[PDB]
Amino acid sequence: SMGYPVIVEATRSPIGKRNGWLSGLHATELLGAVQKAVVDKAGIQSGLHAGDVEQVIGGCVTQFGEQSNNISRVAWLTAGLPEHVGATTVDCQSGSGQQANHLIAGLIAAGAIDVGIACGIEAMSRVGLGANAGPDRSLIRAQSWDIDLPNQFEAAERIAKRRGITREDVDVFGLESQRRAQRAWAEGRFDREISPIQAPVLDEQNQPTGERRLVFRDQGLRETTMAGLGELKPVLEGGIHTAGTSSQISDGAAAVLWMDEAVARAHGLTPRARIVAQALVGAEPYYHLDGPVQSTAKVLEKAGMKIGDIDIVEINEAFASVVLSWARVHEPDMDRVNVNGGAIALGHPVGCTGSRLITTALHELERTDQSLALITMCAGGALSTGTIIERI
């Protein structure tokens, strides 16, 4: 009574800007929409229906208000999907929605379920970072705490210094992300993975205009240039990172439909990819967001591969210096790294990205008819997730 988990479908909403094109939706409606999206997608070509899903696991970071009370379950019920399907919500910060695919893969593996949905939601426009704690952030740690665990903006500086990354270095990476995202969109790469989402049109204020617009484009793309990026002011006094070279605050959701390979084939669905190796490792608190070194390491070790074997990497662009520190250590081919742009241009709904990255990856492997992809992400509390997926 065990199983062989495979990705059967994956899809994502477009990613909206803060107070942008999806900010009209209640966070539970966004996630619901996407949850319904994957099931519907899989229903085109098969018998599969929402009731056939057994468990849903959703990543979400700031689990407060609209994102309190186990948003994965509420989203599901709110989309009018079947009440018998279980659902759990998870937090390993920015790893959450990646970690969620690992967990569904595990339950399938253990024979607990045959059909699962991993997903991730973040509606930063509506629940901002910090919403989940009082204003006195000193209080969310015990008085004993003495770990030099810096904030994330300081972490990107500490990492940069460690590797000798410079303001020009990042501004260049920054620019390429915008360049490559703009290229993907021009060529139509994201068309398949994206599920247009209807959304309340809001006015110049943040009130609804009665209109219900269909959104299908990532809103963070922006004509960008080395000059423009050079003009931008650092986030921290003396730091190298700016809005131009950090991720964007965003609204979005993604979902990935998993099954035991045999059940999939039985419903007449095509097994599309499988996890070769997965990991959620702890990182070094001091540098905090440099974990992608460690997670990339583990899954390569577990997979019995070397970075050379990977065709496509998705390493989340929380901060330029995170991706560059990783590249400096693991020396990959940067033509294979964030080939369709990263979060610096596409934005970074925290709980969602992990499932978004897997989604993006799978599709690119399929577009280019390649095989192995690595996904890896730094995360608050000094943790990093890692996956190597493989096309089937």
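Start at 1 and count along the sequence shown; that's the residue number.
- In this entry, 145-153 has the higher mean Cα B-factor, the comparison being between 145-153 and 70-78.
- A summary of the deposited B-factors shows that, of 272-280 and 158-166, the stretch with the larger mean C-alpha value is 158-166.
- Highest CA B-factor among the listed residues (114, 290, 231, 317): 231.
- Looking at 267, 102, 126, 84, the one whose CA carries the top B-factor in the deposited record is 267.
- Placement of the Cα temperature factor of residue 325 within the chain: middle third of the modelled residues, per the deposited record.
- Ranked against the other modelled residues of its chain, the C-alpha B-factor of residue 365 as given in the entry falls in the middle third.
- Split the chain's modelled residues into thirds by C-alpha temperature factor. Residue 130 is in the lowest one.
- Remark: residue 36 belongs to the middle third of its chain, ranked by C-alpha B-factor as recorded.
- Residue 45 sits in the highest third of its chain by CA B factor, as recorded in the PDB entry.
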